$ cat data.cif   # mmCIF, N, CA, C and O atoms
data_protein
#
loop_
_atom_site.label_atom_id
_atom_site.label_comp_id
_atom_site.auth_asym_id
_atom_site.auth_seq_id
_atom_site.Cartn_x
_atom_site.Cartn_y
_atom_site.Cartn_z
N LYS A 275 8.04 -19.15 37.14
CA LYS A 275 9.05 -19.32 38.17
C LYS A 275 9.58 -17.98 38.62
O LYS A 275 10.78 -17.80 38.83
N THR A 276 8.69 -17.01 38.78
CA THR A 276 9.13 -15.68 39.18
C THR A 276 9.56 -15.66 40.64
O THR A 276 10.59 -15.07 40.97
N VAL A 277 8.79 -16.29 41.52
CA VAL A 277 9.06 -16.25 42.95
C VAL A 277 8.90 -17.63 43.54
O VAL A 277 8.27 -18.52 42.96
N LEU A 278 9.49 -17.81 44.72
CA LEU A 278 9.34 -19.03 45.51
C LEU A 278 9.76 -20.26 44.72
O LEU A 278 9.30 -21.37 45.00
N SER A 279 10.62 -20.08 43.73
CA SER A 279 11.03 -21.18 42.88
C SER A 279 12.51 -21.16 42.55
O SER A 279 12.97 -22.07 41.84
N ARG A 280 13.27 -20.18 43.02
CA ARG A 280 14.66 -20.01 42.61
C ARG A 280 15.50 -21.24 42.92
O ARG A 280 15.97 -21.91 42.00
N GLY A 281 15.67 -21.55 44.20
CA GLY A 281 16.52 -22.66 44.57
C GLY A 281 15.76 -23.70 45.36
O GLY A 281 16.34 -24.39 46.20
N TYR A 282 14.47 -23.82 45.10
CA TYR A 282 13.61 -24.73 45.85
C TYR A 282 13.10 -25.90 45.03
O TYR A 282 12.99 -27.00 45.56
N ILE A 283 12.80 -25.69 43.76
CA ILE A 283 12.28 -26.75 42.90
C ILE A 283 13.28 -27.03 41.80
O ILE A 283 14.21 -26.26 41.56
N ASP A 284 13.07 -28.15 41.12
CA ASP A 284 13.95 -28.54 40.03
C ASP A 284 13.70 -27.66 38.81
O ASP A 284 12.68 -26.98 38.69
N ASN A 285 14.67 -27.69 37.89
CA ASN A 285 14.55 -26.94 36.65
C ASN A 285 13.40 -27.43 35.78
O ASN A 285 12.92 -26.68 34.93
N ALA A 286 12.95 -28.67 35.98
CA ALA A 286 11.90 -29.25 35.16
C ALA A 286 10.55 -29.30 35.86
O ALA A 286 9.60 -29.86 35.30
N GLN A 287 10.44 -28.75 37.05
CA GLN A 287 9.19 -28.77 37.80
C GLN A 287 8.64 -27.36 37.96
O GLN A 287 9.29 -26.37 37.62
N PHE A 288 7.43 -27.28 38.48
CA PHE A 288 6.83 -26.01 38.85
C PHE A 288 6.18 -26.17 40.22
O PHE A 288 5.61 -27.22 40.52
N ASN A 289 6.26 -25.13 41.03
CA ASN A 289 5.72 -25.20 42.37
C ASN A 289 4.20 -25.17 42.32
O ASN A 289 3.63 -24.14 41.92
N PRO A 290 3.51 -26.23 42.73
CA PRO A 290 2.04 -26.19 42.71
C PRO A 290 1.45 -25.43 43.87
O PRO A 290 0.27 -25.07 43.81
N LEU A 291 2.22 -25.17 44.92
CA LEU A 291 1.70 -24.49 46.09
C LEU A 291 1.86 -22.98 46.02
O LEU A 291 1.38 -22.28 46.91
N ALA A 292 2.53 -22.47 44.99
CA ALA A 292 2.67 -21.04 44.79
C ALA A 292 2.11 -20.59 43.45
O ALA A 292 2.53 -19.56 42.91
N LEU A 293 1.17 -21.36 42.90
CA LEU A 293 0.72 -21.11 41.54
C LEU A 293 0.07 -19.74 41.40
O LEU A 293 0.33 -19.02 40.44
N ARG A 294 -0.77 -19.37 42.37
CA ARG A 294 -1.53 -18.13 42.24
C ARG A 294 -0.60 -16.93 42.12
O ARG A 294 -0.78 -16.08 41.25
N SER A 295 0.41 -16.86 42.98
CA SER A 295 1.32 -15.73 42.96
C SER A 295 2.04 -15.64 41.62
O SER A 295 2.10 -14.57 41.01
N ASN A 296 2.59 -16.76 41.15
CA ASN A 296 3.33 -16.73 39.90
C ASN A 296 2.44 -16.33 38.74
O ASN A 296 2.84 -15.54 37.88
N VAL A 297 1.21 -16.84 38.71
CA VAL A 297 0.28 -16.45 37.66
C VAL A 297 0.03 -14.95 37.72
O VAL A 297 0.06 -14.25 36.71
N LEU A 298 -0.21 -14.44 38.93
CA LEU A 298 -0.49 -13.02 39.08
C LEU A 298 0.67 -12.19 38.56
O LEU A 298 0.47 -11.22 37.81
N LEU A 299 1.89 -12.55 38.93
CA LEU A 299 3.05 -11.80 38.46
C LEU A 299 3.17 -11.89 36.95
O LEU A 299 3.46 -10.88 36.29
N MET A 300 2.93 -13.07 36.39
CA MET A 300 3.03 -13.21 34.94
C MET A 300 2.03 -12.30 34.24
O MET A 300 2.38 -11.63 33.26
N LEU A 301 0.80 -12.24 34.74
CA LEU A 301 -0.18 -11.35 34.14
C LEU A 301 0.26 -9.90 34.28
O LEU A 301 0.08 -9.10 33.36
N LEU A 302 0.84 -9.55 35.43
CA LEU A 302 1.29 -8.18 35.62
C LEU A 302 2.33 -7.80 34.57
O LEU A 302 2.27 -6.71 33.99
N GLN A 303 3.27 -8.69 34.30
CA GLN A 303 4.24 -8.44 33.24
C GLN A 303 3.54 -8.33 31.90
O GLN A 303 3.87 -7.45 31.09
N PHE A 304 2.57 -9.20 31.65
CA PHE A 304 1.79 -9.11 30.42
C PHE A 304 1.16 -7.74 30.28
O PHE A 304 1.18 -7.13 29.21
N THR A 305 0.58 -7.24 31.37
CA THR A 305 -0.06 -5.93 31.33
C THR A 305 0.95 -4.83 31.05
O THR A 305 0.76 -4.02 30.14
N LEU A 306 2.03 -4.80 31.82
CA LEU A 306 3.00 -3.73 31.67
C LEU A 306 3.62 -3.72 30.28
O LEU A 306 4.00 -2.66 29.78
N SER A 307 3.71 -4.88 29.65
CA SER A 307 4.36 -4.96 28.35
C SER A 307 3.56 -4.28 27.25
O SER A 307 4.13 -3.92 26.22
N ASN A 308 2.26 -4.08 27.45
CA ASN A 308 1.40 -3.54 26.41
C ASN A 308 1.09 -2.06 26.60
O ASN A 308 0.28 -1.51 25.86
N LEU A 309 1.73 -1.41 27.57
CA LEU A 309 1.47 0.01 27.78
C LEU A 309 2.10 0.82 26.66
O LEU A 309 3.27 1.21 26.74
N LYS A 310 1.32 1.09 25.62
CA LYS A 310 1.82 1.77 24.43
C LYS A 310 0.74 2.68 23.88
O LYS A 310 -0.39 2.70 24.36
N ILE A 311 1.11 3.43 22.85
CA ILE A 311 0.18 4.26 22.11
C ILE A 311 0.06 3.69 20.71
O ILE A 311 1.07 3.57 20.00
N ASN A 312 -1.15 3.35 20.30
CA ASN A 312 -1.38 2.83 18.96
C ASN A 312 -1.28 3.99 17.98
O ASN A 312 -2.26 4.70 17.73
N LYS A 313 -0.09 4.20 17.43
CA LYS A 313 0.14 5.30 16.52
C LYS A 313 -0.45 4.99 15.15
O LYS A 313 -0.57 3.83 14.75
N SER A 314 -0.81 6.04 14.43
CA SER A 314 -1.30 5.89 13.07
C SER A 314 -0.14 5.59 12.13
O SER A 314 1.03 5.54 12.53
N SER A 315 -0.47 5.39 10.86
CA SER A 315 0.53 5.11 9.84
C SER A 315 0.03 5.67 8.52
O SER A 315 -0.92 6.46 8.48
N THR A 316 0.67 5.26 7.43
CA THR A 316 0.33 5.75 6.10
C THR A 316 -0.75 4.87 5.50
O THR A 316 -0.49 3.73 5.11
N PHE A 317 -1.97 5.39 5.42
CA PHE A 317 -3.04 4.70 4.74
C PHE A 317 -2.97 4.95 3.25
O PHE A 317 -2.56 6.02 2.79
N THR A 318 -3.37 3.95 2.47
CA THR A 318 -3.37 4.07 1.03
C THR A 318 -4.43 3.14 0.45
O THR A 318 -4.89 2.21 1.11
N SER A 319 -4.80 3.41 -0.79
CA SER A 319 -5.72 2.57 -1.54
C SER A 319 -4.94 1.60 -2.41
O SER A 319 -3.75 1.78 -2.66
N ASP A 320 -5.63 0.57 -2.87
CA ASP A 320 -5.04 -0.45 -3.73
C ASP A 320 -5.73 -0.40 -5.09
O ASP A 320 -6.96 -0.33 -5.17
N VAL A 321 -4.93 -0.43 -6.15
CA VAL A 321 -5.46 -0.40 -7.50
C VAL A 321 -5.71 -1.83 -7.96
O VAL A 321 -6.09 -2.07 -9.11
N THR A 322 -5.50 -2.78 -7.06
CA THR A 322 -5.68 -4.18 -7.39
C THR A 322 -7.16 -4.52 -7.47
O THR A 322 -8.01 -3.89 -6.83
N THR A 323 -7.48 -5.54 -8.27
CA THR A 323 -8.87 -5.94 -8.45
C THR A 323 -9.48 -6.52 -7.19
O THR A 323 -10.71 -6.65 -7.12
N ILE A 324 -8.67 -6.87 -6.19
CA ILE A 324 -9.20 -7.44 -4.96
C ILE A 324 -9.58 -6.31 -4.01
O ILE A 324 -9.85 -6.55 -2.83
N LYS B 275 -0.55 4.01 -19.80
CA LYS B 275 0.10 3.90 -18.50
C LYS B 275 0.57 5.26 -18.01
O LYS B 275 1.63 5.39 -17.39
N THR B 276 -0.22 6.30 -18.29
CA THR B 276 0.20 7.65 -17.94
C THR B 276 0.31 7.82 -16.44
O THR B 276 1.29 8.40 -15.95
N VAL B 277 -0.67 7.34 -15.68
CA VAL B 277 -0.69 7.51 -14.24
C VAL B 277 -1.11 6.21 -13.58
O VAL B 277 -1.71 5.33 -14.20
N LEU B 278 -0.79 6.10 -12.29
CA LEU B 278 -1.23 5.00 -11.44
C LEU B 278 -0.86 3.64 -12.00
O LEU B 278 -1.49 2.63 -11.66
N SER B 279 0.12 3.58 -12.87
CA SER B 279 0.51 2.31 -13.45
C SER B 279 1.99 2.01 -13.28
O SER B 279 2.35 0.87 -12.98
N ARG B 280 2.85 3.01 -13.44
CA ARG B 280 4.28 2.78 -13.37
C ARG B 280 4.69 2.30 -11.99
O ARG B 280 4.11 2.70 -10.97
N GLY B 281 5.68 1.42 -11.96
CA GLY B 281 6.24 0.90 -10.73
C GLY B 281 5.75 -0.48 -10.36
O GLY B 281 6.46 -1.19 -9.63
N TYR B 282 4.58 -0.88 -10.83
CA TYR B 282 4.09 -2.22 -10.52
C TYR B 282 3.60 -2.94 -11.76
O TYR B 282 3.69 -4.16 -11.85
N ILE B 283 3.07 -2.19 -12.73
CA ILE B 283 2.52 -2.82 -13.92
C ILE B 283 3.65 -3.36 -14.78
O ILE B 283 4.79 -2.90 -14.73
N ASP B 284 3.32 -4.37 -15.58
CA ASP B 284 4.27 -4.90 -16.54
C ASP B 284 4.15 -4.16 -17.87
O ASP B 284 3.12 -3.54 -18.17
N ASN B 285 5.22 -4.22 -18.66
CA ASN B 285 5.23 -3.56 -19.96
C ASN B 285 4.05 -3.99 -20.81
O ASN B 285 3.44 -3.17 -21.50
N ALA B 286 3.72 -5.27 -20.77
CA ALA B 286 2.68 -5.80 -21.65
C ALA B 286 1.27 -5.60 -21.11
O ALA B 286 0.31 -5.91 -21.82
N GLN B 287 1.12 -5.08 -19.90
CA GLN B 287 -0.18 -5.02 -19.25
C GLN B 287 -0.71 -3.60 -19.21
O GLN B 287 0.01 -2.62 -19.45
N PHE B 288 -2.00 -3.50 -18.91
CA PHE B 288 -2.63 -2.25 -18.52
C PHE B 288 -3.63 -2.56 -17.42
O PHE B 288 -4.13 -3.68 -17.31
N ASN B 289 -3.93 -1.55 -16.61
CA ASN B 289 -4.81 -1.77 -15.47
C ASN B 289 -6.21 -1.32 -15.82
O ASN B 289 -6.45 -0.11 -15.97
N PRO B 290 -7.17 -2.23 -15.95
CA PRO B 290 -8.55 -1.81 -16.23
C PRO B 290 -9.14 -0.93 -15.15
O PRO B 290 -9.99 -0.08 -15.45
N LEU B 291 -8.72 -1.10 -13.89
CA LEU B 291 -9.34 -0.34 -12.81
C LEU B 291 -9.12 1.15 -12.96
O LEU B 291 -9.97 1.95 -12.53
N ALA B 292 -8.01 1.56 -13.57
CA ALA B 292 -7.70 2.97 -13.77
C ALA B 292 -7.83 3.37 -15.23
O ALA B 292 -7.13 4.27 -15.70
N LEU B 293 -8.72 2.71 -15.96
CA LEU B 293 -8.79 2.91 -17.40
C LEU B 293 -9.23 4.32 -17.75
O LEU B 293 -8.57 5.01 -18.54
N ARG B 294 -10.33 4.78 -17.16
CA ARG B 294 -10.93 6.04 -17.58
C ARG B 294 -9.94 7.19 -17.43
O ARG B 294 -9.79 8.02 -18.33
N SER B 295 -9.25 7.25 -16.30
CA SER B 295 -8.30 8.33 -16.06
C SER B 295 -7.21 8.33 -17.12
O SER B 295 -6.92 9.37 -17.72
N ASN B 296 -6.60 7.18 -17.37
CA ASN B 296 -5.52 7.12 -18.35
C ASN B 296 -6.02 7.49 -19.73
O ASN B 296 -5.35 8.22 -20.47
N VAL B 297 -7.21 7.02 -20.10
CA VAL B 297 -7.78 7.40 -21.38
C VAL B 297 -7.97 8.90 -21.45
O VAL B 297 -7.67 9.54 -22.46
N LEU B 298 -8.47 9.49 -20.36
CA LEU B 298 -8.67 10.93 -20.34
C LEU B 298 -7.37 11.67 -20.59
O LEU B 298 -7.31 12.58 -21.42
N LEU B 299 -6.30 11.27 -19.90
CA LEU B 299 -5.03 11.95 -20.08
C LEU B 299 -4.51 11.79 -21.49
O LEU B 299 -3.96 12.74 -22.07
N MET B 300 -4.67 10.60 -22.07
CA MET B 300 -4.22 10.40 -23.45
C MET B 300 -4.95 11.35 -24.39
O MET B 300 -4.34 11.95 -25.27
N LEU B 301 -6.26 11.49 -24.20
CA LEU B 301 -7.01 12.44 -25.01
C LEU B 301 -6.51 13.86 -24.78
O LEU B 301 -6.38 14.65 -25.72
N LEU B 302 -6.21 14.20 -23.53
CA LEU B 302 -5.71 15.53 -23.23
C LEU B 302 -4.41 15.80 -23.97
O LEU B 302 -4.23 16.87 -24.56
N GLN B 303 -3.50 14.83 -23.97
CA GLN B 303 -2.27 14.99 -24.72
C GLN B 303 -2.56 15.12 -26.21
O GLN B 303 -1.94 15.94 -26.89
N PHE B 304 -3.50 14.33 -26.71
CA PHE B 304 -3.89 14.46 -28.11
C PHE B 304 -4.36 15.87 -28.41
O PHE B 304 -3.99 16.45 -29.44
N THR B 305 -5.16 16.45 -27.52
CA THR B 305 -5.64 17.80 -27.73
C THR B 305 -4.50 18.80 -27.70
O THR B 305 -4.35 19.63 -28.60
N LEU B 306 -3.66 18.73 -26.66
CA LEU B 306 -2.59 19.70 -26.52
C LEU B 306 -1.62 19.64 -27.68
O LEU B 306 -1.02 20.66 -28.04
N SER B 307 -1.47 18.48 -28.30
CA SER B 307 -0.52 18.31 -29.39
C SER B 307 -1.03 18.86 -30.71
O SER B 307 -0.48 18.52 -31.76
N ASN B 308 -2.08 19.68 -30.69
CA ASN B 308 -2.63 20.24 -31.91
C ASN B 308 -2.93 21.73 -31.81
O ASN B 308 -3.45 22.30 -32.78
N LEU B 309 -2.62 22.37 -30.69
CA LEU B 309 -2.91 23.79 -30.56
C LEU B 309 -1.95 24.62 -31.39
O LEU B 309 -0.86 24.95 -30.94
N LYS B 310 -2.35 24.94 -32.62
CA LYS B 310 -1.51 25.71 -33.51
C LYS B 310 -2.38 26.35 -34.58
O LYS B 310 -3.52 25.93 -34.80
N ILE B 311 -1.84 27.34 -35.24
CA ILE B 311 -2.57 28.12 -36.22
C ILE B 311 -2.39 27.51 -37.60
O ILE B 311 -1.33 26.99 -37.94
N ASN B 312 -3.45 27.56 -38.41
CA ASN B 312 -3.41 27.06 -39.78
C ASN B 312 -2.92 28.17 -40.69
O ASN B 312 -3.71 28.95 -41.23
N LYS B 313 -1.61 28.25 -40.85
CA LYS B 313 -1.03 29.23 -41.75
C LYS B 313 -1.42 28.93 -43.19
O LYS B 313 -1.62 27.77 -43.57
N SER B 314 -1.55 29.98 -43.98
CA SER B 314 -1.76 29.83 -45.41
C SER B 314 -0.42 29.83 -46.14
O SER B 314 0.55 30.44 -45.68
N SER B 315 -0.38 29.15 -47.27
CA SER B 315 0.84 29.01 -48.05
C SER B 315 0.63 29.59 -49.44
O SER B 315 -0.40 30.21 -49.73
N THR B 316 1.62 29.40 -50.31
CA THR B 316 1.50 29.83 -51.69
C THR B 316 0.55 28.91 -52.45
O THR B 316 0.19 27.82 -52.00
N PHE B 317 0.14 29.37 -53.63
CA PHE B 317 -0.81 28.65 -54.45
C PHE B 317 -0.32 28.56 -55.88
O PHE B 317 0.51 29.36 -56.32
N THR B 318 -0.83 27.57 -56.59
CA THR B 318 -0.60 27.43 -58.02
C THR B 318 -1.92 27.13 -58.71
O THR B 318 -2.72 26.34 -58.20
N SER B 319 -2.15 27.77 -59.85
CA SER B 319 -3.31 27.43 -60.65
C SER B 319 -3.09 26.08 -61.31
O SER B 319 -1.99 25.75 -61.75
N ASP B 320 -4.15 25.29 -61.37
CA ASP B 320 -4.08 23.96 -61.95
C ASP B 320 -4.60 23.97 -63.38
O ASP B 320 -5.56 24.68 -63.70
N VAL B 321 -3.97 23.16 -64.22
CA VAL B 321 -4.37 22.98 -65.61
C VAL B 321 -4.63 21.52 -65.94
O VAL B 321 -4.71 21.17 -67.11
N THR B 322 -4.76 20.67 -64.93
CA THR B 322 -4.80 19.23 -65.14
C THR B 322 -6.25 18.76 -65.23
O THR B 322 -6.94 18.64 -64.22
N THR B 323 -6.70 18.51 -66.46
CA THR B 323 -7.94 17.80 -66.77
C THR B 323 -9.11 18.45 -66.03
O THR B 323 -9.24 19.68 -66.08
N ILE B 324 -9.95 17.68 -65.34
CA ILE B 324 -11.21 18.21 -64.82
C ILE B 324 -10.98 19.27 -63.77
O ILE B 324 -11.82 20.16 -63.57
#
$ encode --input "data.cif" --output "structure tokens"
Amino acid sequence: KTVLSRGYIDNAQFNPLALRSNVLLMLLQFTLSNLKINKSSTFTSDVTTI
Amino acid sequence: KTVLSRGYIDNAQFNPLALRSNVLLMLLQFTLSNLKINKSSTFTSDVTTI
């Protein structure tokens, strides 16, 4: 419900005629949310039998 | 439990995976605990039987 849905459809519905745009925006947010650097950490060995 | 054991092992346990190292250190302590000179002492002549 990013666009074309604010005061046009009910709170329990979704606009079927604007699906492509909303999906595209949702993916864009998905993409922007993962812009990070996979930093290293402290590696160690285990003395466990497994 | 000289090394690689404290902090996770139980009092009653030992870790087989790190056995050789701990055994080695125990022997090392055994060796170090004997570096000393054999001093000579006084003597007495014996008169007892054979």
$ calpha_fit_rmsd --input "data.cif" --fixed "chain A" --moving "chain B"
1.0 Å
$ interface_residues --input "data.cif" --of "chain A" --to "chain B" --cutoff "9 Å" --atoms "only C-alpha atoms" --output "mmCIF file with N, CA, C and O atoms, in the frame of the given file"
data_model
loop_
_atom_site.group_PDB
_atom_site.id
_atom_site.type_symbol
_atom_site.label_atom_id
_atom_site.label_comp_id
_atom_site.auth_asym_id
_atom_site.auth_seq_id
_atom_site.Cartn_x
_atom_site.Cartn_y
_atom_site.Cartn_z
ATOM 1 N N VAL A 321 -4.930 -0.430 -6.150
ATOM 2 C CA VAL A 321 -5.460 -0.400 -7.500
ATOM 3 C C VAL A 321 -5.710 -1.830 -7.960
ATOM 4 O O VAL A 321 -6.090 -2.070 -9.110
ATOM 5 N N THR A 322 -5.500 -2.780 -7.060
ATOM 6 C CA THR A 322 -5.680 -4.180 -7.390
ATOM 7 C C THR A 322 -7.160 -4.520 -7.470
ATOM 8 O O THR A 322 -8.010 -3.890 -6.830
ATOM 9 N N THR A 323 -7.480 -5.540 -8.270
ATOM 10 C CA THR A 323 -8.870 -5.940 -8.450
ATOM 11 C C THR A 323 -9.480 -6.520 -7.190
ATOM 12 O O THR A 323 -10.710 -6.650 -7.120
#
$ atom_distance --input "data.cif" --atom1 "CA of residue 302 (chain B)" --atom2 "CA of residue 320 (chain A)"
25.2 Å
$ atom_distance --input "data.cif" --atom1 "atom N of residue 301 (chain B)" --atom2 "atom O of residue 276 (chain B)"
11.6 Å
$ select_by_dssp --input "data.cif" --residues "chain A" --states "helix (DSSP H, G or I)" --output "list in words"
residues 290, 291, 292, 293, 294, 295, 296, 297, 298, 299, 300, 301, 302, 303, 304, 305, 306 and 307 of chain A
$ atom_distance --input "data.cif" --atom1 "CA of residue 309 (chain B)" --atom2 "CA of residue 280 (chain B)"
28.1 Å
$ closest_residue --input "data.cif" --among "A:315, A:305, A:275, A:310" --to "residue 288 (chain A)" --atoms "all atoms listed in the file"
A:275
$ closest_residue --input "data.cif" --among "A:277, A:318, A:324, A:311" --to "residue 294 (chain A)" --atoms "only C-alpha atoms"
A:277
$ axis_aligned_box --input "data.cif" --around "region 278-281 of chain A" --padding-each-side "8 Å" --output "AutoDock Vina command-line options"
--center_x 12.9 --center_y -21.1 --center_z 44.0 --size_x 23.2 --size_y 22.6 --size_z 20.4
